[PDB]
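Taking it in order: structure first as structure tokens, then the write-up.
Labels for the chains are A, B, C, D, E, F, G, H, I, J, K, L, M, N, O and P, by order of writing; each one numbers its residues from 1.
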Amino acid sequence: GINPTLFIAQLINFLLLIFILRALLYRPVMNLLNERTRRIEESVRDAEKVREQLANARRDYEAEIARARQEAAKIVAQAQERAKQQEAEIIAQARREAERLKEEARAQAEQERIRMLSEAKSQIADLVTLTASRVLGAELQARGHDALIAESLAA
Amino acid sequence: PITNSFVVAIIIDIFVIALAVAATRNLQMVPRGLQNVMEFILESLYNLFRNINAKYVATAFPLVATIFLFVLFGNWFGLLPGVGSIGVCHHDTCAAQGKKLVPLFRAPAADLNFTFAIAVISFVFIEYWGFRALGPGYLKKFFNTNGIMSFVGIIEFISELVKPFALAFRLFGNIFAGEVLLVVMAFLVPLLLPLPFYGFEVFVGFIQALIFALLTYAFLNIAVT
Amino acid sequence: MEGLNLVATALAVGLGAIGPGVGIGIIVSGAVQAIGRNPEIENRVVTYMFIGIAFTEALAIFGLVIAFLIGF
Amino acid sequence: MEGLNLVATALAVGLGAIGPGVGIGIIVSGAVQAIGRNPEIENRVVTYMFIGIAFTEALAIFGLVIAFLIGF
Amino acid sequence: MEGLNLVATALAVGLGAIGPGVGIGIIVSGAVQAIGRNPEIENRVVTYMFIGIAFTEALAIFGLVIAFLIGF
Amino acid sequence: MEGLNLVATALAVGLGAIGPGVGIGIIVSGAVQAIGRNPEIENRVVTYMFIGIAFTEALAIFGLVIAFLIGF
Amino acid sequence: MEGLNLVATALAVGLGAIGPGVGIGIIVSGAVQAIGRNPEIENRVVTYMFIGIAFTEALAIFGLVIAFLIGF
Amino acid sequence: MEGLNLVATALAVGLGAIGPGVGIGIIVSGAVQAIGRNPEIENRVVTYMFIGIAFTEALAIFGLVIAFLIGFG
Amino acid sequence: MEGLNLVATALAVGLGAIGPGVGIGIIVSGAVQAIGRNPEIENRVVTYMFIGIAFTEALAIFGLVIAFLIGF
Amino acid sequence: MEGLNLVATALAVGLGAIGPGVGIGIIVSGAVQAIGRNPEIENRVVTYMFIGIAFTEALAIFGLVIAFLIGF
Amino acid sequence: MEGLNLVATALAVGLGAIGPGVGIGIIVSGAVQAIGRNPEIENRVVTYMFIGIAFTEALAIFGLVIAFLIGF
Amino acid sequence: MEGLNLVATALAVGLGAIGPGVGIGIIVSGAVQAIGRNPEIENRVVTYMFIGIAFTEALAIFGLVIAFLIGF
Amino acid sequence: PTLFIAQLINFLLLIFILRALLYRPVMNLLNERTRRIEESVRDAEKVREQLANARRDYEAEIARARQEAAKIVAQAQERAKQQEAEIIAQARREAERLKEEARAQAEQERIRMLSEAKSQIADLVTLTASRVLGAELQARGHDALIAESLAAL
Amino acid sequence: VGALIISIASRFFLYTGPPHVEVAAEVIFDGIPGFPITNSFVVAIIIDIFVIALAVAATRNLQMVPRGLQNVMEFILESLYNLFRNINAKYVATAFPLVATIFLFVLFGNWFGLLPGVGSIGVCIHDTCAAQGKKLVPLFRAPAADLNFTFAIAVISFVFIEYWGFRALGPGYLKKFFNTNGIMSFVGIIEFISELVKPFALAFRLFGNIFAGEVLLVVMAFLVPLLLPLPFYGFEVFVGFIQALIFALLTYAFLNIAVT
Amino acid sequence: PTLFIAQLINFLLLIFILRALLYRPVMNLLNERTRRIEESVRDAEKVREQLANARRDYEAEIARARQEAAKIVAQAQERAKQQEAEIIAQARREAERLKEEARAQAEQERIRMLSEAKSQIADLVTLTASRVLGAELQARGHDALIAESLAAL
Amino acid sequence: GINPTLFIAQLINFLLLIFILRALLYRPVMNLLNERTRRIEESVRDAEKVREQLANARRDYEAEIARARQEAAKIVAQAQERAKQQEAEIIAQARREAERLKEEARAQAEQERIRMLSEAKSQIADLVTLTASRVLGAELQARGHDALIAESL
């Protein structure tokens, strides 16, 4: 036979053991859960980490191209400034060095040519060597009358 | 009154309480030592019970954990030196004033009293939680539901009745058979002969301790479903 | 008859184990072969092998207790 | 005489548990093999495997009951 | 003898479950394996399975009624 | 002997049902497996399965009627 | 110890039917599986199936007639 | 035990007809399956089957004759 | 016991054939299946088939000879 | 009687060895076949081999224990 | 009784031939199947057959010893 | 009875040679087929075949030693 | 009992012998689990420290961007002052071309004017010789050349 | 046809007419001093002379195109030749006169056992002489039911296989007589035992498979004598043909396995 | 005994059953076998007689080839001698026509040389006439009569 | 009934049966069977011989015709070579006869040169006509020439 009292005592002991084991293992189960299952939030934190790694880098690259366009604008602006500086420097004095001299040289040529034409000594230097040149081989027999001989160099 | 199985059950209770208190005394990440062993065992059992049914794996887990941690240590206590030899005396080393040399250390599962407790508690567990979320359809016999479906619906009910009986009987039978085999092989040759049976006994005890919880959870799964 | 309880308990404990032994053997062989076919299903196979073995082994157990009820 | 009841209980327990044991073994082996071939069919093969197990275990339990009535 | 009718009841029950016990197991295993190999053929196969299970069951029941006559 | 007729009836019912307990099982298992492998050969396998079942139940019924002669 | 002819007839019938039943079951299962595998080679299969069935049932009839002799 | 020879002649035929029956069944099943898979060899391997069958029946026949030798001396 | 030697001869013949009967069948069935699978390898596989058959037949003839000696 | 204990011990040992022998044979054959088909899971199936064999072996040990309780 | 030694020898030979006969059958069938599926391994694998088959015979030979000792 | 020791001694060997006889056969057949399917896994299946054979032979040796104890 | 004591001692020895080998793989598995937990907490703590350091990473990237911007606009100013020198050098080269290609051409025009004036004065002196020097002979007989031509025939 | 199966002709003197069992193992007909002639020996002669007459008729005026008895004789002989060549292709010529005549003798012996009058006729329920005190010793018993004929065939076959196993492969026979090392030493003694068993197995197989059939025919003539034993008449015709063919097949197969 | 009558009845029933079940297929098989073997032997004798016919046809073909070769060589020799005669005749006629052509050319050369001789004689007589007329003019031929005739017009 | 005498006598009867059957059927029937097989293989070889004989008959006929054609060709080649030699000789004879004809033509030319002796008959008779007699009037008053008539050149 089987004693009912022994079975009841065994059942009570088993229930007490189950309760004590559950109470003692609730802490280890919670610790293991917090240690292991929490890492899903760690994975989404890795996702946020890559998101923040690309985010600030995007603005960094945007500023990297912004400085490039900014310096390009300044370079073009100063190229225009140099263009307007040199163009103004190659008109006002360029004409003075190009077209002013163009008639200044002619003016001085006129000033020297009028002196040359004023050289009546050169006018009388020739017109006498032409004697004994295909005509009138003798030195002089018409006495060199200057009624019209002296009249020359109309210009 | 009490027997010599109850004292070993109490010493197993003390051992389990001491191990659990030592494990829970210092709870921190990266376990190493006894707490690591206990955590690994508990998580392996958790996965094992998840494989059958993941809905109730987090609900009936402490019950099966206690069942395993008690039956395993009770079975292992039977192979320890001194078991079956220490006599309380109310041939036998207690030959003078002979009292059959009652063994002080008797394995907890080697009786018909303790082992029937887990069987009846598992029976009331499957009956309770089976009726928890099924109503009358839990133990429904399906009388002529699909052509006299009552006949099969009736023969299955007695199987449910004898399943705790079968579990308790198998636990007691294997534990007692192991103990008697150890005693007999000790009597035959006192040294170096029961070596294939010493390791066989502890392996069988552990295997039956695990299979008790496995079978109870399987019955719970096939009960709710 | 005298001494029939001995042959009775022996017959019970012996006949109860000639069937379940083959049952456990067949169960384990089938489970191992199925694991060999598809290793990833073993977690769903062992949980059905073990509950099979018990469903078989209990029958042999029904011998032992009866033998212990006859022998004792 | 004086012990044939014990022999009857032993024979009932024994012979009533060598057919159902092999039957349960073969049922579980076939069910596990079908699991290994197709996992999705599990819900449709565990049911019939349990039906067959119930039938054979019913035969064995009827044997055990007949033995226990003789024992009583 | 005087207790021979008990042995008759035991033999009628015990020997009447050896055959059907293996037969139900083989039938269920075959049907479940066929379902696993081809789920769509389950329905028809199930019927034949239940045709096979009943037949052998009768030959088990044919033993049982003897125990309901000898035992009773 | 005052009881040998009951033992003879039990033997004639129990023995002689082991063979027609495994034969029918193997027949039905083979039939349903052939159905599963080939669903369009249903009639030509079902007729032969029933022929074999009747052939085996012939031995079963012969044993039963010889038991009835031992009894009735 | 009269009445031993009864248990003799029962033993002869049962032990001569437990073999041929399984034999013709295996025969029918193999024949039906071969037919299901391919239906073209059918008559040259049923011929040997029925030859084997006749041989095994002839063994069963050996047992039945030698039992009926004790019955006579 | 005045009728023990009847039990003897029953056991001689009953036992010894179980193994040969299963043997014949296995033989026919195997041969039928083999010729189903390989029809072109059916005319060849059947001769091997019809040998083995009788082999098994031989043992069963050894059961019968002794039975006939038991009930008649 | 007024004819126990007849039971001895019957058991020696009967029990010595239920083992070899299955063994010879398994041997020749395996040989036939292997022949069908690979028609080329025939003259050499039969050499081992026949030594297996010879060993099994020797095992059965041991029982036959023992029965004849008891008869002598 | 004077020697029923001896036949009880012998019967217990033999019947406890009848089943587990076939069970262990089937277990080892299936495990070795699975290893041969897939050698990468050897330690995976051998683990399920031994823990199956013990499940079978224990049954035989059961009988042995009863034998050592009867003969002694 | 008186001729118990004769039935002892008969039981020894018959039950020692029951198991090894099927063992030889299964061994030779497996070896034959292996030869048919792969002839090149023959010179090795048949050796594994022989070192097996003798082992199985080592059981039946044991019975033969009890066949002669009791007979002596 | 006077020769009950002899019948017990014979019964122990005979019934203990039934299980291991088939177990060794099944083990050797499975190992042989695995060898044939994959010669590269020779040692890793020979070791387990020998282990299983050792287990079954251990059961047979337990039977033999019980028979020797009854014989002596 | 002595036999019981010997059996217990042998059982304990065998249990310890088996347990050492069993625990060696168990010790390896425990060490593997401990290492797995160690790495699974190490990755968590390094992730958390990276999350904490992201705030400093923002400021570090901003400062690096602003200092790179300062240095590259300094490079732009250097390029701009280089362009200043290039443009002024081109303007001065154009001024040199103005003062060279015009003054030299002016002197070339002046010398061409001198050459044409020389040709004009030569033509003028020839005309004067034909005018009066030719008339210088018509008064002085103007018959010597005709006598010479008649004599030459 | 239809469903006119009434089986009333089967209900004709179920067991009152024919005797109860009336079977035996062997008997003696004598008739000459010295040698005790048996009824089996009478059939063993009446079959021998029948086979010789059939041979003479078949080979009478051998024509190029077969016809009738010559045709069926050619068919049987060439079918046996091909059947034996399927096993071994070298010793068919030598072993054929013995093995083929074993088949042709055992076949007609078994088929003669089913002729009417095998148990009913006895030169020597109540029958004729059975009613008289003198026992009705039956004439015309099938020779294969004699244990002096089947053992003669078995010993002849054993002498033949041993002779042709020693004339080939050398007189070593180390596979079964004795081996030095390995498990072959253990296998050899079992092989020798099986070889010694082989003729006993053959003789017992033939004798039993014919004697049990004849006894079955007689006993099922005892109960329901008409139209019930027809399927078993057919089954025994088939079993006689089988036991004839398989004896020859096993003789040649054992010869081949001995040569190899 | 009634056993003999029962045996006769069942044996005749079995014979009748086998006659309507096993006679026709075995008879068909026997007929097929004998038809196949007789067709085989007929094919054998047909092949033998066909070989004999082939030998006869080979001999006939050899004789025909020999006759064909004989007539071909005869007609070839006849054609050779005919061609020799024809070429001899054509060579003779070619020689004759060449000789006639040579004779005609010789006659033409003779007549042309006669004409050339006549022309040479005419040239010689004209030259001598001119010479004698010139001599006469130098001696006596100088007359006023020729001048008068010239002026007569 | 396991008496040795009946068993030995029956075994002797079976041996006599074996010998008479070997001497009656097993030798002659197998002789007929392998004779038929030999006939079959002989017929196969005869068919092979038939096809080979047809092929080689055709080949030999073709070779005979080809050899006849070759000898006819060599015969006609010899005939035409003789023809070429004969025609070469005949054309050589024609050439030499043409040379002889040219020689006799030259002889005729020399005979014409002999014929040139016609001075007195014609030349002196015609030169007198080719004189002042030809001139109109033909007076020849002292215009004759006694010696210049016969001078010529």
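Simple rule for what comes next: contacts are C-beta pairs under 8 Å (C-beta built on N, C-alpha and C of every residue); 3 or more make two chains touch, one makes a residue touch a chain.
For the pairs G-H and H-N, the count of C-beta pairs in contact is higher at G-H.
For the copy pair subunit F and subunit K, the superposing rotation over Cα atoms measures out at 145 degrees to the nearest 5. Centre-to-centre, using mean CA coordinates, subunit B is 48 Å away from subunit G. With centres defined as mean CA coordinates, subunit I is found 10 Å away from subunit H. In whole angstrom, the spacing between the mean C-alpha positions of subunit G and subunit N is 25.
In subunit C, 1-4, 7, 9, 11, 14-15, 18-27, 29-31, 33, 35, 37, 44, 49, 53, 57, 60, 62-64, 67 are the positions where the chain touches two or more neighbouring chains simultaneously.
Residues of subunit M in contact with at least two other chains: 37, 41. Multi-chain contact residues, meaning those touching two or more other chains, occur in subunit B at positions 29, 173-174, 177. Looking at the complex, you find that subunit P touches subunit O at residues 36, 39-40, 42-43, 46-47, 49-50, 53-54, 57, 60-61, 64-65, 67-69, 71-72, 75-76, 78-80, 82-83, 86-87, 90-91, 93-94, 97-98, 101-102, 104-105, 108-109, 112, 116, 123, 126-127, 130-132, 134, 136-137, 139, 141-145, 148, 151-153. Across the complex, subunit D meets subunit C through its residues 1-4, 6-7, 9-11, 13-15, 17-33, 35-37, 39, 42, 46, 49, 53, 57, 60, 64, 67, 71.
Across the complex, subunit D is touched by residues 152, 155-156, 158-159, 162, 222 of subunit B.
For subunit H in complex with subunit N, the residues that touch the partner chain are 44, 47, 50-51, 53-54, 57-58, 61-62, 64-65, 68-69, 72. Looking at the complex, you find that subunit N touches subunit O at residues 13, 17-19, 64-67, 71-72, 75, 114-117, 119-121, 125-128, 130, 218, 221, 225-227, 229-230, 233-234, 237.
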